Amino acid sequence: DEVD
Amino acid sequence: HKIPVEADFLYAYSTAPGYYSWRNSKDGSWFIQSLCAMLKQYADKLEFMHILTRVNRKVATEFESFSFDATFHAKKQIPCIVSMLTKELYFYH
Amino acid sequence: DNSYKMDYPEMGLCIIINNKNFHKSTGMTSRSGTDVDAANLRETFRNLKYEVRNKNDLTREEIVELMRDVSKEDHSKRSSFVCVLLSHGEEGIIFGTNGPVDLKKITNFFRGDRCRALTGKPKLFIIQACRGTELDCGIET
Ligand SMILES: [Cl-]
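Residues numbered from 1 in each chain as written, not as in the entry; some residues may be left out. Chains lettered and ligands numbered in written order. Heavy atoms only, no water. Residues with missing side-chain atoms left out of burial classes, pairs and counts.

Deposited coordinates in this entry are attributed by the record to X-ray crystallography, at a stated resolution of 1.938 Å.

K.L.:
Which residues make up the overall build of chain B, and what are the values?
P.N.:
Within chain B, the secondary structure is distributed over 2 helices and 4 strands. A compact globule built from 93 residues should have a C-alpha radius of gyration of about 12 Å, whereas chain B, at 15 Å, is more than 25% larger. C-alpha atoms of chain B, sized along the principal axes, occupy 55 × 30 × 20 Å. Contacts in chain B between residues at least 24 apart in sequence constitute 65% of all its contacts with a sequence separation of at least 6. (Helix = DSSP H or I, 4+ residues; strand = E, 2+ residues; numbered from the N terminus. Rg over C-alpha atoms; globule rule 2.2 N^0.38 Å. Contact = heavy atoms within 4.5 Å.)

K.L.:
I'd love a proper account of the overall build of chain C, names of residues and values included.
P.N.:
If you tally the helices and strands in chain C, you get 3 helices and 7 strands. Going residue by residue from the N terminus, the α and β elements of chain C occur as β-α-β-α-β-β-β-β-α-β. By its C-alpha atoms, chain C is 45 × 45 × 25 Å across when sized along the principal axes. The contacts in chain C between residues at least 6 apart in sequence include a share of 78% that link residues at least 24 apart.

K.L.:
Tell me what's going on with the UniProt feature "active site" in chain C, and back it up with residues and numbers.
P.N.:
Per the UniProt entry, the sites bearing "active site" are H88(C) and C130(C) in this numbering. Judged by maximum C-alpha separation, these annotated positions cover 43 residues in sequence but sit close together in space, the widest gap being only 6.2 Å. Summarising the element assignment, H88(C) is placed in the loop between β3 (78-86) and β4 (89-90). Accessibility expressed as a relative area gives 9% for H88(C), which makes it buried. If we ignore the near neighbours within four places in the chain, the residues touching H88(C) are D4(A), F22(C), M28(C), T29(C), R31(C), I93(C), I94(C), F95(C) and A129(C). From its side chain, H88(C) meets the backbone oxygen of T29(C) in a polar contact 2.8 Å long. Looking at the element boundaries, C130(C) is found in the segment after β7 (123-128). In contact with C130(C), other than residues within four places in its own chain, are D4(A), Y19(B), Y20(B), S21(B), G89(C), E90(C) and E91(C). (UniProt positions renumbered as here; feature names shortened; annotations may be inferred. Buried < 20%, exposed > 50% of the residue type's maximum accessible area, 1.4 Å probe, protein only. Polar contact = N/O pair within 3.5 Å; in protein donor to acceptor, adjacent residues only side chain to side chain.)

K.L.:
How would you summarise helix α2 (residues 60-71) of chain C if you had to cite specific residues and measurements?
P.N.:
Given a rise of 1.5 Å per residue, 12 residues ought to cover 16 Å, and the 17 Å separating the end C-alpha atoms of α2(C) matches this to within 8%. In this structure, the buried side of α2(C) is in contact with β1 (10-18), β2 (51-56), β3, β5 (93-96), β6 (99-102) and α3 (103-108) of chain C. (Expected span 1.5 Å × (residues − 1).)

K.L.:
Requested: an account of the pairing of β6(C), with residues and values cited.
P.N.:
Residue and element names in this part refer to chain C. The pairing of β5 with β6 spans 4 bridges and is antiparallel. From the neighbouring strand, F95 faces β6, where its bridge partner is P100. In this structure, the hairpin formed by β5 and β6 is closed by a connection of 2 residues. (Pairing = 2+ DSSP bridges.)

K.L.:
Give a detailed account of the environment of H75(C), specifying residues and quantitative values.
P.N.:
Residues and elements named next belong to chain C. Looking at the secondary structure, you find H75 in the loop between α2 and β3. Between the alpha carbons of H75 and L135 there is a distance of 40 Å; along the sequence they are 60 residues apart. Within polar-contact distance, the side chain of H75 engages the backbone oxygen of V70 at 2.8 Å.

Encoded structure:
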């Protein structure tokens, strides 16, 4: 999970 | 006689105004995962806004972030349907 | 007459812009997992009978030229138009590999004004990109  | 130049556009945003959007490096982004699943299951059954509403529910309920960084952990996302459409949209027939 | 006419000879174009790798000079990270999205979208819209075109790692100049060229195609036999944007972004903005593009600039190419072949036809923009830096903490049910 990563913001992008 | 005339229609607005901004009519008949639909903007299917992955996230609410002002917010980050979440991507998973293995599964893909939460929004696109859910969009494709719901199109797969319902494009022969539901009008597009109702498909996109199922996408909203899927993203809102089935996803929550997992991060070693407390700032980014346990966060949520809601997509944002922006419709200037003037008619219902069905993919079939 | 409450639904869009979707029985033209073709459903229409689905343009997928998949920006994964950005120029080092921008300082933007690679978007791991976006290829999964791009392939998922390609298959999904293929099954809906869209003419899918997958584009990878486009500069801001290439995005604008692509949108300009596509808006100038003959859409007379096409029911609709779909554009999917997968990139970094902020509110109102999506990033080419070397800099930003205003979303308004992209969509204006298709305004009922500037793309007569799509007047009255649904123009769908699907945008996987940040709209800011806020985080949603959620609430218990
Ligand atoms: Cl990837």
